[PDB]
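Single-structure report; data block below.
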Amino acid sequence: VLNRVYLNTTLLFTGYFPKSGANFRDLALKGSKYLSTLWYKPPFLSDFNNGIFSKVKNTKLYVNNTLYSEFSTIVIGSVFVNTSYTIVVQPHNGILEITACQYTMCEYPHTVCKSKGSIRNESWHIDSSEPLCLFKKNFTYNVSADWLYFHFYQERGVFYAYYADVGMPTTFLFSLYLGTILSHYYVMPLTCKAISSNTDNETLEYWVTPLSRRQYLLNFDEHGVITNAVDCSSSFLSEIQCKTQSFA
Amino acid sequence: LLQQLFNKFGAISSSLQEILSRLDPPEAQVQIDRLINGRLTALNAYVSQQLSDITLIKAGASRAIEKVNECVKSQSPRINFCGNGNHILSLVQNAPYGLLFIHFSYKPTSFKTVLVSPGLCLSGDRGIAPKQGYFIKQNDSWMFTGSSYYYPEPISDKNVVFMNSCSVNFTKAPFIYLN
Amino acid sequence: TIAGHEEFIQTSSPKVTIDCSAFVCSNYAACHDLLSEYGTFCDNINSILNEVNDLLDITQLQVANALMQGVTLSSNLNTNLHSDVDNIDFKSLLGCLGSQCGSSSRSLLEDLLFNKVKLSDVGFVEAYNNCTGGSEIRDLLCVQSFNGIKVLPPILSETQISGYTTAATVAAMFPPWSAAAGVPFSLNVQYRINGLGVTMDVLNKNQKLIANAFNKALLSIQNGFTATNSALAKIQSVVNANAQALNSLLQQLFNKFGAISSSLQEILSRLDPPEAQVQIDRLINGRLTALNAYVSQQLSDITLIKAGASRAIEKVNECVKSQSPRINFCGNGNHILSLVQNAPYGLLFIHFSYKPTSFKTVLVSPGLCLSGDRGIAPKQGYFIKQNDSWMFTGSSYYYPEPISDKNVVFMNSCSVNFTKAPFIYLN
Amino acid sequence: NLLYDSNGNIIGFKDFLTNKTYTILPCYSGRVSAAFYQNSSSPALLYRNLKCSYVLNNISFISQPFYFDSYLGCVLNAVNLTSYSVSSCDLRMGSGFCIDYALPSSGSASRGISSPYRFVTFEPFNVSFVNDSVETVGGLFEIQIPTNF
Amino acid sequence: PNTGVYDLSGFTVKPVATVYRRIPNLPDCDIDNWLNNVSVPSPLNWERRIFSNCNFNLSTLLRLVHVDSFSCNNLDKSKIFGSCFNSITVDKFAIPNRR
Ligand SMILES: *[C@@H]1O[C@H](CO)[C@@H](O[C@@H]2O[C@H](CO)[C@@H](O[C@H]3O[C@H](CO[C@H]4O[C@H](CO)[C@@H](O)[C@H](O[C@H]5O[C@H](CO)[C@@H](O)[C@H](O)[C@@H]5O)[C@@H]4O)[C@@H](O)[C@H](O[C@H]4O[C@H](CO)[C@@H](O)[C@H](O)[C@@H]4O)[C@@H]3O)[C@H](O)[C@H]2NC(C)=O)[C@H](O)[C@H]1NC(C)=O
Ligand SMILES: *[C@@H]1O[C@H](CO)[C@@H](O[C@@H]2O[C@H](CO)[C@@H](O)[C@H](O)[C@H]2NC(C)=O)[C@H](O)[C@H]1NC(C)=O
Ligand SMILES: *[C@@H]1O[C@H](CO)[C@@H](O[C@@H]2O[C@H](CO)[C@@H](O)[C@H](O)[C@H]2NC(C)=O)[C@H](O)[C@H]1NC(C)=O
Ligand SMILES: *[C@@H]1O[C@H](CO)[C@@H](O[C@@H]2O[C@H](CO)[C@@H](O)[C@H](O)[C@H]2NC(C)=O)[C@H](O)[C@H]1NC(C)=O
Ligand SMILES: *[C@@H]1O[C@H](CO)[C@@H](O)[C@H](O)[C@H]1NC(C)=O
Ligand SMILES: *[C@@H]1O[C@H](CO)[C@@H](O)[C@H](O)[C@H]1NC(C)=O
Ligand SMILES: *[C@@H]1O[C@H](CO)[C@@H](O)[C@H](O)[C@H]1NC(C)=O
Ligand SMILES: *[C@@H]1O[C@H](CO)[C@@H](O)[C@H](O)[C@H]1NC(C)=O
Ligand SMILES: *[C@@H]1O[C@H](CO)[C@@H](O)[C@H](O)[C@H]1NC(C)=O
Ligand SMILES: *[C@@H]1O[C@H](CO)[C@@H](O)[C@H](O)[C@H]1NC(C)=O
Ligand SMILES: *[C@@H]1O[C@H](CO)[C@@H](O)[C@H](O)[C@H]1NC(C)=O
Ligand SMILES: *[C@@H]1O[C@H](CO)[C@@H](O)[C@H](O)[C@H]1NC(C)=O
Ligand SMILES: *[C@@H]1O[C@H](CO)[C@@H](O)[C@H](O)[C@H]1NC(C)=O
Ligand SMILES: *[C@@H]1O[C@H](CO)[C@@H](O)[C@H](O)[C@H]1NC(C)=O
Ligand SMILES: *[C@@H]1O[C@H](CO)[C@@H](O)[C@H](O)[C@H]1NC(C)=O
Ligand SMILES: *[C@@H]1O[C@H](CO)[C@@H](O)[C@H](O)[C@H]1NC(C)=O
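Those protein sequence lines, which keep their order, are chains Y, R, L, P and U. If you use the numbering used here, the first sequence corresponds to residues 3 to 250, in order. If you use the numbering used here, the second sequence corresponds to residues 338 to 516, in order. If you use the numbering used here, the third sequence corresponds to residues 139 to 565, in order. If you use the numbering used here, the fourth sequence corresponds to residues -5 to 143, in order. If you use the numbering used here, the fifth sequence corresponds to residues 67 to 165, in order.
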C-alpha cells in the first residue's frame, strides 16, 4: 500500500490482483534467423482489459566471465500506429528503459541480445523524426536477480506500473495519464545467436496472467513484509480464512 | 415511554400538528417519516424489555408455588428451604401482585454450657449413639438430653441407635445396662 | 473407596457500564449538539444497565447470606493451629480465620483457581490502573475505556467471599458442628454411608481407610486444574464471552452505516455544518442501534445468571450446610457430602461419594413368610442363605449378619411369592 | 512515512525534516463518580483508577483541600476511615468500600473543618461467637444448649 | 435530588500545545498561468494538468483570473485554506454558448 506500514497483523484489502487457481502463459519467443508470421497473431497478441501481472525470468549470460542480463521487452497499446501512443518496456542490462510515444511500429518487431549479437538487426520501429512522447524514463534493477515481477493496470484514463526485483510483492514504479483506453499487449520475440540447447542451456520465460479488482487477506510480519496472502473467493478454506480473518 | 412523544428525532418539530400546518404533503412526509421511525424504535425497545422482565416474574411464581406446596400445605423434610432453620410452619396471605408468607420458628432465649459425649462403648464391645441429642453426666450417671432443649432423661431404646461394635473414641461405660 | 469430583456454578458476571454520549460522539462539539435533539435515548440505555447491575448486586448479597446463615463458631478458633480433625487434613481448603490473622487471604485451592484466570475482579482493577502510560504501549481495555466502556468492581471483594466460604467449611469441623448436624465430622460421614446400606461394623473397622481416601480425593482435586478440566474451561468461557461482546461493540465505531466515513474527524474537516449533519446523523443512528442491541442481549443474559445463582443457593443450603433426603440432587447417587470454595464469578462445589471397587454374585430373597402366616421384609438389604440358614445383608456391602428386629419390617400377613421359612424364630 | 493499524488509524510516523520516528497514543478520557447524600452542599468524588497526583496536575486545578489515594482511585471531599466498619450502606463504591455521611451535631461541633463524608469498610454479614473450647476437655466436648425458648 | 451514586458526563484532558509541521522551500504551483493560457481547447480535446509538491493559495488564484462562478462539491471552500493534498488535477475547455 501507498505510503503505509502494517506491522504483525492481517489485513483485508481490495486491489488489482490475479485470480488464484488461474493459469499463467509463457509468451516468450526465441528466434535465430527466421521470423514466423504466426508469432504475430491473436494467439500471442492478447487483450489488455484491466491489466496484467507478469513473472519474468532474468536470463544471465557470461562473456569473459562477465555477467549480462537479458529478458524480453513488452509493448502495450491499442492500434500500434503513429496516431496513437504505445508504451514500451525494454531492458538494457541493468537499465529498464520505459517510453510512451507515437511510434511507427513495424509489422514484425523483434529485439536482439547485445552480449553475443545475432544475424538479424534490431527492428521494432522506424522513426527518423523524433515522435511525440508523453513519458520517457530510465530505472535500475538488480542484475543478479533470478525473477522480476510486474503489475500493469489502467483506471479512469491513468496507467499504473508496479515492479519488484527482490522478493515477490511489488512496489509502485510510476503512473501516467493517457486519457484513452489501452486494449492490447504483446511480448516481443528476441533474436539471439546463442541461447539454445547446443549452447549454455538457457531459456527465455515471460509468464502473464490477467488482473481484476478483488479482495485478499494479507499477512504482515514484524518487519512489515507481506509473507502470506489468500484470495477470498477461490475455495471453501479461503472463505473460512477470510470470514475469520485468520490463516489458521 | 410517554416522554418519547416529545423527541424530535432530527425533524423540525415533535408535533404533527405543527408540521401539518406549515408544510405541503411533498415536504411534510420527509419530516413525518423521521418521527415514525423514532417512535417505532422506542416501541420496539419497550417490547423487548417487557419480554425480558416476564421471565424473572415466572421464576418467582414457580418459587412461590413450591413454597405453597411444601411449606404451607405440608412440611417437607428439607432443611433451610422455608425460613432459616428451626422452622416450624408457614401461612399464606394474598398481597398486591403476589403472596405474603408468614414463617414461624423456634427461638432459644437462654443457654447453658454442658459437657457432652457423642457416643458410648458398652460391655461386650457394643456401642450406642444418641438420636438427635447428646450423652451427659449427671451425678456420675450417664443420661440423655435433646440437642435443642436441656432436659436430662434416662437412656432408653427410644433415645439411642445400637451398634454391634463401637468407635475408637467413644467413652467407656461398663456400668450401663439401663432402661 | 471414596471418590471426589468438582463442579463450578456461575453466580455473577462482569458489571459493564457505558457512557452513551462518549461512545457516540466522543469529543466533538458538533456531534453533541446533534445528539441532544434525540432527547431521552441515552438515558434509557443508562437506566437499563444500572438496573442490570443492581440485580447483580442483589444476587451477590443473597449468595453471601446463604453462606453465613446460622453458623456459630468458637472465638478460640485459630486456623494456624486448628486445620485437621480425625486424620483428615483440611488445610488446602481453609483461608485465614481467628483473632490474630487479618482477613485478607484465600485458601491455596482458591489461589490455584484465581491464578489461571487473569481477568478476575482484581485483574480488571490492575489493568485499568495502567491506562495512564499503557504499560506496554497499549491495551484493548484502555481503548475500550477511552470510548466509554468500563467494567466496574462488584460490591463485595473476593477475600470477603473467601472468608465466608472458610467460615462455612470450619463450621463442619469443630464442637459447635453447625454445618455437620450437631455431630462430629467423621461420625456424620459414617452415618451417611450407613444410610446407603452399609453395616456399621465395617465402618467402625475401616475408619483410617476412609480418612486416607478422603485425603487422596482432596489431593487428586488439588492436582487436577491442568488444561482439560471442565470447571476451568467453564470459568474461562465467561471471561471469553465478555471479551468477545465488548470487542464486537468496539468494532461498531468503524462501520460507515451508509455515510462517507466512519470518522467524525474526517467528516468535520471536509464539510460545512449544513452538509456535515446529514453524514453525522447516519453514524448517530447506527451507533444508537448497536447500543440498543447490546443492552437487549445483556438484559437477556442476566436471567440465566439469576437461575444459576438460585441453584447454587439451593446446593449451599441442602448439600453443604445440611444433607437433604433427596436422592440424585447433589452428585450422582451414593453421595456422601459436599464442600464449597470461592471461584472467579461463582462457586466450586466438591462432592464426595461412595464408590464400590469389587463385587460378588449373590442369590437373594426380597421377603420371608414365617409360621402363623407372618411376613418379614428386609430394611435396605436382602435375605441370603448361608450354610442353609437365612441371614441378612446390606444392599451396598456384602456382610452376612443375623436377622433381627432392627433389620426387618414385620407384616401380619405375607406376600404370595415370599419364600417359605418355618424354621425362623431367631433374634 | 506513516504507520497504520488494521482498522485504519495512524499510530506512528517518521518525520520528513529530522528522520525521527514516533508513536502516537490517544489522550486520557474518563468520567467521575459522585456519591451524593441528600440535603448536602456538595458530593464526594471518585476518580476511578487514577492517582491523585495525576488528578491534581493534569485534570482539575480547582481547590480541593481533602484528597487521598484508595484502592479504587483518587477520592476527593471525604475522610479516610477504613478501620471503621458498617453493616448497611446506601452509597456502595465497590470491592467492600462504602461512603457514609455524618454531619457534626451541636454537641460534636467540629471547629476544625473536615468533610462530613467518610470512606469506610462495608461488611454486611457476621458469624455468632461462643466462648467454648475447640478440643476435648477430658474426652468430652463443651457445647451450648438452650434452656428456654 | 435523592441520595445516590451518579456517573457524570465524560471529560477529556485538554491539549497543552500544538505541533505543526510543513515542508519548507517548495515552488509555486502557478495554476493561474495555465488557466490564463492563450491556447484554449474545445470539449472534444479537453486538457488536463496535474499539480503536486508545490504551494498554492486560493486568494491570488481567484483574483488573478476573472471569475464568473466558483462552486464546490463534496467539499467546502473554507476547508481548503490550510489543507494539504496528494495532488490537484485541473481540467479545462471552452464552453459553447447553447450548451
Ligand atoms: C505514420 O505511419 C504511416 C503508416 O500507417 C506512414 O505511411 C507510410 O509511409 C510510407 C513511406 O515511408 C509508405 O511506403 C511506401 O509509399 C510510397 C508511395 O506509394 C504510392 O506511390 C507509388 C508511386 O511509385 C505507387 O507505386 C504505390 O503503389 C504501390 O502500392 C500499392 C499498395 O499500396 C499497390 O497496389 C501498387 O500495385 C504498388 O505496388 C503507392 O500508390 C512508395 O512509393 C514507397 O515504395 C517505394 O520505396 C521503397 C523504399 O525505397 C521500396 O522498397 C519500394 O519498392 C518502392 O520503390 C514506400 O515504400 C506507406 O505506403 C505509408 N502507409 C500509409 C498507410 O500511408 C507514415 O509515413 C508515418 N508517418 C511518419 C511521420 O512516420
Ligand atoms: C536510458 O538508457 C539508455 C541506455 O543506457 C540510453 O540510451 C543511450 O543514449 C545515448 C545518448 O543518446 C546513446 O549514445 C546510446 O547509444 C544509447 N544506448 C542505447 C543502448 O540505446 C537512454 O538515452 C537513456 N534514457 C534516458 C532518458 O536517460
Ligand atoms: C533523512 O534521510 C534522507 C534519506 O532518505 C536524507 O536524504 C539524503 O540526503 C543526502 C544529502 O542531503 C543526499 O545525498 C541523498 O541522496 C538523500 N537521500 C535521498 C533518498 O533523497 C536526508 O538528508 C536525511 N535528513 C536528515 C536531517 O538527516
Ligand atoms: C501556454 O501553453 C503553451 C502550450 O500549448 C506553451 O507553449 C510551450 O512553450 C514552450 C516554451 O515557450 C515550448 O517549449 C513548448 O513546445 C510549447 N508548447 C507547445 C505545445 O508548443 C506556452 O508557453 C504557455 N504560455 C505560457 C505563458 O506559459
Ligand atoms: C506480533 O503480533 C502480535 C499481535 O497478534 C503482537 O502481540 C506481537 O507483539 C507481535 N510481535 C512482535 C515481535 O512485535
Ligand atoms: C573477451 O576477450 C577477448 C580476448 O581477451 C576479446 O577479444 C573480446 O572482445 C572480449 N569480449 C568483450 C565482450 O569485450
Ligand atoms: C544490419 O545493419 C548493418 C548496418 O546498417 C548492415 O551492414 C547489415 O547488413 C544489417 N544486417 C542485415 C541482416 O541486414
Ligand atoms: C540485489 O543487489 C545486491 C547488491 O546490489 C545484492 O547483494 C543482492 O544479492 C541482489 N539480490 C539478489 C536477489 O541477488
Ligand atoms: C547443455 O545440455 C546438454 C544436453 O544435451 C549437455 O550435453 C551439456 O553439457 C549442457 N551444457 C551445460 C553448460 O550445461
Ligand atoms: C481419637 O482421639 C485422639 C485423642 O483425642 C486423637 O488423637 C485421634 O485423632 C482421634 N481419632 C479419631 C478417629 O477421631
Ligand atoms: C501494570 O503495570 C505494571 C508495571 O508497568 C506491570 O508490572 C503489571 O503487570 C501491569 N498490569 C497489567 C494488568 O497489565
Ligand atoms: C432534607 O431532605 C428531606 C427529604 O426527605 C426534606 O423533606 C427536607 O426538607 C430537607 N431539609 C431541609 C432543611 O431542606
Ligand atoms: C487510610 O487509613 C488506613 C487505616 O485506617 C491506612 O491503612 C491507609 O494507609 C490510609 N490511606 C492513606 C492514603 O493514607
Ligand atoms: C457483626 O455484624 C453485626 C451486624 O449487625 C454487628 O451488629 C456486630 O456488632 C458485628 N460483630 C463484630 C464482632 O464485628
Ligand atoms: C471468655 O473469653 C475470655 C477471652 O477474652 C476469657 O478470658 C474468659 O475466661 C472466657 N470465659 C469463659 C467462661 O470461658
Ligand atoms: C422462660 O422465659 C419466660 C419469660 O422470659 C419466663 O417467664 C420463664 O419462667 C422462663 N422459663 C425458664 C424455664 O426459665
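Built from N, CA and C at the ideal position, the CB exists for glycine as well.
beta-carbon residue i near ligand 16 non-hydrogen atom, thresh 8 Å
| i | result |
| --- | --- |
| residue 142/P | yes |
Nearest-angstrom Cα separation, counted from residue j out to residue i
| i | j | result |
| --- | --- | --- |
| residue 544/L | residue 514/L | 11 Å |
| residue 77/U | residue 70/P | 17 Å |
| residue 30/P | residue 97/P | 13 Å |
| residue 492/R | residue 457/R | 11 Å |
| residue 435/R | residue 395/R | 12 Å |
| residue 62/Y | residue 152/Y | 19 Å |
| residue 429/L | residue 387/L | 8 Å |
| residue 452/R | residue 305/L | 24 Å |
Residue i, DSSP secondary structure in three states
| i | result |
| --- | --- |
| residue 121/P | coil |
| residue 538/L | strand |
| residue 108/Y | strand |
| residue 79/U | coil |
| residue 473/R | strand |
| residue 311/L | coil |
| residue 40/P | strand |
Exposed unless 16 or more other CB atoms sit within 10 angstroms - verdict on residue i
| i | result |
| --- | --- |
| residue 383/R | exposed |
| residue 189/L | exposed |
| residue 162/L | buried |
| residue 86/U | exposed |
| residue 333/L | exposed |
| residue 159/U | exposed |
| residue 91/Y | buried |
| residue 454/L | buried |
Check: residue i C-beta below 8 Å from any heavy atom of ligand 8
| i | result |
| --- | --- |
| residue 240/Y | no |
Any non-hydrogen atom of ligand 13 closer than 8 Å to residue i Cβ
| i | result |
| --- | --- |
| residue 71/P | no |
| residue 77/P | yes |
Proximity test, residue i beta-carbon vs ligand 5 heavy atom, cut-off 8 Å
| i | result |
| --- | --- |
| residue 2/Y | Past the edges of chain Y, shown from 3 to 250, lies residue 2/Y, and the structure says nothing about it. |
Distance cut-off 8 Å: residue i Cβ against heavy atoms of ligand 4
| i | result |
| --- | --- |
| residue 105/U | yes |
Check: residue i C-beta below 8 Å from any heavy atom of ligand 14
| i | result |
| --- | --- |
| residue 117/P | yes |
Residue i beta carbon near ligand 7 (any heavy atom closer than 8 Å)
| i | result |
| --- | --- |
| residue 128/Y | no |
| residue 121/Y | yes |
Closer than 8 Å: residue i CB and nearest ligand 2 heavy atom
| i | result |
| --- | --- |
| residue 13/P | no |
*Going along the region 405 to 431 of chain L in order, which residues come within less than 8 Å of chain U, judged by CB to CB distance?*
407, 408, 409, 410 and 413
_Against chain R: residues of the region 317 to 332 of chain L by CB proximity under 7 Å_ = 320, 321, 322 and 325
*What residues in the region -5 to 18 of chain P have a beta carbon less than 9 Å from any beta carbon of chain U?*
9, 10 and 11
*Which of the residues in the region 75 to 97 of chain U, read from start to end, lie with their CB under 8 Å from any CB of chain L?*
75, 76 and 78
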